[PDB]
Amino acid sequence: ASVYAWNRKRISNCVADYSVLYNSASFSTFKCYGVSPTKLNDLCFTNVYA
Amino acid sequence: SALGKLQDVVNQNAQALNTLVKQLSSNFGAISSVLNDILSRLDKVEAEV
């Protein structure tokens, strides 16, 4: 999406392996602000919004 | 109401202990006051801060 009309996808009813994201050669930054990316696989969330 | 001295000494200690327990729920600027939230969410170098 554009910046002004930025797009939200709600994510629900799944298992997600965040290591598959974090280890991806694609990403130039992966900064996190209250969870460390190594710890994501130990957690479960009431909602996730991308 | 005659025993106000002794019942106040009991109340002061109960209020002191309940204040000390309720202060476990205070953040003091941490991301959570529950110590297991920090240790489950954050890796060592961030968690220590």
# chains A, B, ... in the order shown; residues from 1 in each chain; ligands from 1
call {"tool": "residues_around", "arguments": {"residues": "region 35-46 of chain A", "least_positions_apart": "3", "cutoff": "7 Å", "atoms": "only C-alpha atoms", "output": "PDB file with N, CA, C and O atoms, in the first residue's frame"}}
result
ATOM      1  N   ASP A  17       5.711 -19.841  12.791  1.00  0.00           N
ATOM      2  CA  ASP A  17       7.123 -19.935  13.162  1.00  0.00           C
ATOM      3  C   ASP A  17       7.875 -18.658  12.779  1.00  0.00           C
ATOM      4  O   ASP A  17       8.399 -18.519  11.673  1.00  0.00           O
ATOM      5  N   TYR A  18       7.968 -17.729  13.719  1.00  0.00           N
ATOM      6  CA  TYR A  18       8.649 -16.458  13.520  1.00  0.00           C
ATOM      7  C   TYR A  18      10.146 -16.610  13.227  1.00  0.00           C
ATOM      8  O   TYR A  18      10.741 -15.695  12.660  1.00  0.00           O
ATOM      9  N   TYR A  22      12.509 -14.289  10.880  1.00  0.00           N
ATOM     10  CA  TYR A  22      13.700 -13.647  11.434  1.00  0.00           C
ATOM     11  C   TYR A  22      15.009 -14.088  10.758  1.00  0.00           C
ATOM     12  O   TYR A  22      15.905 -13.273  10.540  1.00  0.00           O
ATOM     13  N   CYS A  32      12.589  -4.892  17.287  1.00  0.00           N
ATOM     14  CA  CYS A  32      11.409  -5.204  18.090  1.00  0.00           C
ATOM     15  C   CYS A  32      11.415  -4.439  19.421  1.00  0.00           C
ATOM     16  O   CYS A  32      12.476  -4.178  19.985  1.00  0.00           O
TER      17      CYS A  32
ATOM     18  N   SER B  40      10.057 -14.212  29.660  1.00  0.00           N
ATOM     19  CA  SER B  40       9.501 -14.917  28.504  1.00  0.00           C
ATOM     20  C   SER B  40       9.561 -14.079  27.230  1.00  0.00           C
ATOM     21  O   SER B  40       9.825 -14.639  26.173  1.00  0.00           O
ATOM     22  N   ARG B  41       9.365 -12.757  27.291  1.00  0.00           N
ATOM     23  CA  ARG B  41       9.335 -11.881  26.107  1.00  0.00           C
ATOM     24  C   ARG B  41      10.703 -11.410  25.640  1.00  0.00           C
ATOM     25  O   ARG B  41      10.885 -11.242  24.442  1.00  0.00           O
ATOM     26  N   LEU B  42      11.649 -11.156  26.536  1.00  0.00           N
ATOM     27  CA  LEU B  42      12.925 -10.518  26.208  1.00  0.00           C
ATOM     28  C   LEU B  42      14.124 -11.453  26.377  1.00  0.00           C
ATOM     29  O   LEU B  42      14.219 -12.223  27.330  1.00  0.00           O
ATOM     30  N   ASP B  43      15.065 -11.359  25.444  1.00  0.00           N
ATOM     31  CA  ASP B  43      16.352 -12.047  25.499  1.00  0.00           C
ATOM     32  C   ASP B  43      17.341 -11.314  26.425  1.00  0.00           C
ATOM     33  O   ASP B  43      17.186 -10.118  26.684  1.00  0.00           O
TER      34      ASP B  43
END
call {"tool": "closest_residue", "arguments": {"among": "B:17, B:35, B:9, B:30", "to": "chain A", "atoms": "only C-alpha atoms"}}
result
B:30
call {"tool": "closest_residue", "arguments": {"among": "B:3, B:10, B:39, B:21", "to": "chain A", "atoms": "only C-alpha atoms"}}
result
B:39
call {"tool": "select_by_dssp", "arguments": {"residues": "chain B", "states": "alpha helix (DSSP H)", "output": "JSON, numbers by chain"}}
result
{"B": [4, 5, 6, 7, 8, 9, 10, 11, 12, 13, 14, 15, 16, 17, 18, 19, 20, 21, 22, 35, 36, 37, 38, 39, 40, 41, 44, 45, 46, 47, 48]}
call {"tool": "write_last_selection", "arguments": {"atoms": "N, CA and C atoms", "output": "mmCIF file, in the first residue's frame"}}
result
data_model
loop_
_atom_site.group_PDB
_atom_site.id
_atom_site.type_symbol
_atom_site.label_atom_id
_atom_site.label_comp_id
_atom_site.auth_asym_id
_atom_site.auth_seq_id
_atom_site.Cartn_x
_atom_site.Cartn_y
_atom_site.Cartn_z
ATOM 1 N N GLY B 4 -8.542 0.846 70.413
ATOM 2 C CA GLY B 4 -8.051 1.556 69.236
ATOM 3 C C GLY B 4 -6.533 1.528 69.107
ATOM 4 N N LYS B 5 -5.784 1.574 70.215
ATOM 5 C CA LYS B 5 -4.313 1.475 70.208
ATOM 6 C C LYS B 5 -3.800 0.157 69.634
ATOM 7 N N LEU B 6 -4.319 -0.976 70.105
ATOM 8 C CA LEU B 6 -3.886 -2.300 69.650
ATOM 9 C C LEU B 6 -4.394 -2.594 68.243
ATOM 10 N N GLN B 7 -5.663 -2.314 67.956
ATOM 11 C CA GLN B 7 -6.202 -2.530 66.618
ATOM 12 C C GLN B 7 -5.548 -1.601 65.589
ATOM 13 N N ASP B 8 -5.101 -0.405 65.965
ATOM 14 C CA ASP B 8 -4.295 0.426 65.074
ATOM 15 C C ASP B 8 -2.912 -0.174 64.831
ATOM 16 N N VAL B 9 -2.238 -0.710 65.850
ATOM 17 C CA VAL B 9 -0.957 -1.412 65.656
ATOM 18 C C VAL B 9 -1.097 -2.604 64.715
ATOM 19 N N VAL B 10 -2.180 -3.373 64.814
ATOM 20 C CA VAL B 10 -2.493 -4.431 63.844
ATOM 21 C C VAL B 10 -2.748 -3.847 62.453
ATOM 22 N N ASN B 11 -3.524 -2.768 62.333
ATOM 23 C CA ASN B 11 -3.811 -2.131 61.046
ATOM 24 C C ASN B 11 -2.565 -1.551 60.383
ATOM 25 N N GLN B 12 -1.676 -0.885 61.119
ATOM 26 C CA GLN B 12 -0.455 -0.301 60.562
ATOM 27 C C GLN B 12 0.434 -1.372 59.935
ATOM 28 N N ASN B 13 0.594 -2.515 60.600
ATOM 29 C CA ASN B 13 1.353 -3.633 60.056
ATOM 30 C C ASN B 13 0.655 -4.278 58.857
ATOM 31 N N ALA B 14 -0.663 -4.479 58.894
ATOM 32 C CA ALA B 14 -1.401 -4.988 57.742
ATOM 33 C C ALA B 14 -1.324 -4.042 56.534
ATOM 34 N N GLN B 15 -1.475 -2.731 56.724
ATOM 35 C CA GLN B 15 -1.326 -1.737 55.656
ATOM 36 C C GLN B 15 0.100 -1.690 55.114
ATOM 37 N N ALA B 16 1.118 -1.822 55.965
ATOM 38 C CA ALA B 16 2.510 -1.878 55.538
ATOM 39 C C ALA B 16 2.786 -3.114 54.674
ATOM 40 N N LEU B 17 2.345 -4.300 55.100
ATOM 41 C CA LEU B 17 2.471 -5.531 54.315
ATOM 42 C C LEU B 17 1.669 -5.460 53.016
ATOM 43 N N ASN B 18 0.418 -5.001 53.033
ATOM 44 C CA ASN B 18 -0.372 -4.860 51.807
ATOM 45 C C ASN B 18 0.223 -3.824 50.851
ATOM 46 N N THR B 19 0.832 -2.748 51.347
ATOM 47 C CA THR B 19 1.563 -1.797 50.496
ATOM 48 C C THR B 19 2.776 -2.468 49.867
ATOM 49 N N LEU B 20 3.542 -3.227 50.651
ATOM 50 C CA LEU B 20 4.707 -3.957 50.168
ATOM 51 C C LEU B 20 4.323 -4.993 49.107
ATOM 52 N N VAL B 21 3.212 -5.712 49.277
ATOM 53 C CA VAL B 21 2.702 -6.648 48.267
ATOM 54 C C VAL B 21 2.196 -5.917 47.033
ATOM 55 N N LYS B 22 1.377 -4.874 47.163
ATOM 56 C CA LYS B 22 0.867 -4.131 46.001
ATOM 57 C C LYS B 22 1.986 -3.503 45.184
ATOM 58 N N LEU B 35 7.504 -10.467 36.501
ATOM 59 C CA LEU B 35 8.885 -10.798 36.144
ATOM 60 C C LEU B 35 8.990 -11.917 35.096
ATOM 61 N N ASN B 36 8.062 -12.872 35.105
ATOM 62 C CA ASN B 36 7.951 -13.891 34.059
ATOM 63 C C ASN B 36 7.528 -13.341 32.684
ATOM 64 N N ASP B 37 6.818 -12.212 32.581
ATOM 65 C CA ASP B 37 6.585 -11.575 31.276
ATOM 66 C C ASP B 37 7.902 -11.111 30.672
ATOM 67 N N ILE B 38 8.748 -10.452 31.462
ATOM 68 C CA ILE B 38 10.035 -9.956 30.981
ATOM 69 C C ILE B 38 10.897 -11.121 30.510
ATOM 70 N N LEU B 39 11.019 -12.161 31.330
ATOM 71 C CA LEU B 39 11.889 -13.298 31.044
ATOM 72 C C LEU B 39 11.364 -14.200 29.923
ATOM 73 N N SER B 40 10.057 -14.212 29.660
ATOM 74 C CA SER B 40 9.501 -14.917 28.504
ATOM 75 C C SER B 40 9.561 -14.079 27.230
ATOM 76 N N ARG B 41 9.365 -12.757 27.291
ATOM 77 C CA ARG B 41 9.335 -11.881 26.107
ATOM 78 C C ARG B 41 10.703 -11.410 25.640
ATOM 79 N N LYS B 44 18.353 -12.020 26.938
ATOM 80 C CA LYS B 44 19.120 -11.661 28.149
ATOM 81 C C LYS B 44 19.558 -10.199 28.216
ATOM 82 N N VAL B 45 20.195 -9.675 27.171
ATOM 83 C CA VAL B 45 20.739 -8.305 27.177
ATOM 84 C C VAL B 45 19.648 -7.240 27.311
ATOM 85 N N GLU B 46 18.470 -7.449 26.718
ATOM 86 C CA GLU B 46 17.317 -6.556 26.897
ATOM 87 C C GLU B 46 16.623 -6.798 28.239
ATOM 88 N N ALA B 47 16.440 -8.061 28.621
ATOM 89 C CA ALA B 47 15.772 -8.433 29.857
ATOM 90 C C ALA B 47 16.478 -7.844 31.077
ATOM 91 N N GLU B 48 17.807 -7.884 31.137
ATOM 92 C CA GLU B 48 18.572 -7.340 32.262
ATOM 93 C C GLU B 48 18.291 -5.855 32.513
#
call {"tool": "atom_distance", "arguments": {"atom1": "CA of residue 2 (chain A)", "atom2": "CA of residue 50 (chain A)"}}
result
14.7 Å
call {"tool": "residues_around", "arguments": {"residues": "region 8-13 of chain A", "least_positions_apart": "5", "cutoff": "7 Å", "atoms": "only C-alpha atoms", "output": "PyMOL selection string"}}
result
chain A and resi 47-50
call {"tool": "write_last_selection", "arguments": {"atoms": "N, CA and C atoms", "output": "JSON list (two decimals), in the first residue's frame"}}
result
[["chain", "number", "residue", "atom", "x", "y", "z"],
["A", 47, "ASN", "N", -4.37, -11.23, 19.49],
["A", 47, "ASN", "CA", -4.46, -10.78, 18.10],
["A", 47, "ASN", "C", -3.05, -10.47, 17.59],
["A", 48, "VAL", "N", -2.84, -10.56, 16.28],
["A", 48, "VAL", "CA", -1.65, -10.02, 15.62],
["A", 48, "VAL", "C", -2.11, -9.19, 14.43],
["A", 49, "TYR", "N", -1.55, -8.00, 14.26],
["A", 49, "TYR", "CA", -1.86, -7.12, 13.14],
["A", 49, "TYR", "C", -0.59, -6.85, 12.34],
["A", 50, "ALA", "N", -0.59, -7.17, 11.05],
["A", 50, "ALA", "CA", 0.48, -6.79, 10.15],
["A", 50, "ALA", "C", 0.09, -5.51, 9.39]]
call {"tool": "atom_distance", "arguments": {"atom1": "CA of residue 27 (chain A)", "atom2": "CA of residue 32 (chain B)"}}
result
28.9 Å
call {"tool": "closest_residue", "arguments": {"among": "B:23, B:49, B:2, B:28", "to": "chain A", "atoms": "only C-alpha atoms"}}
result
B:49
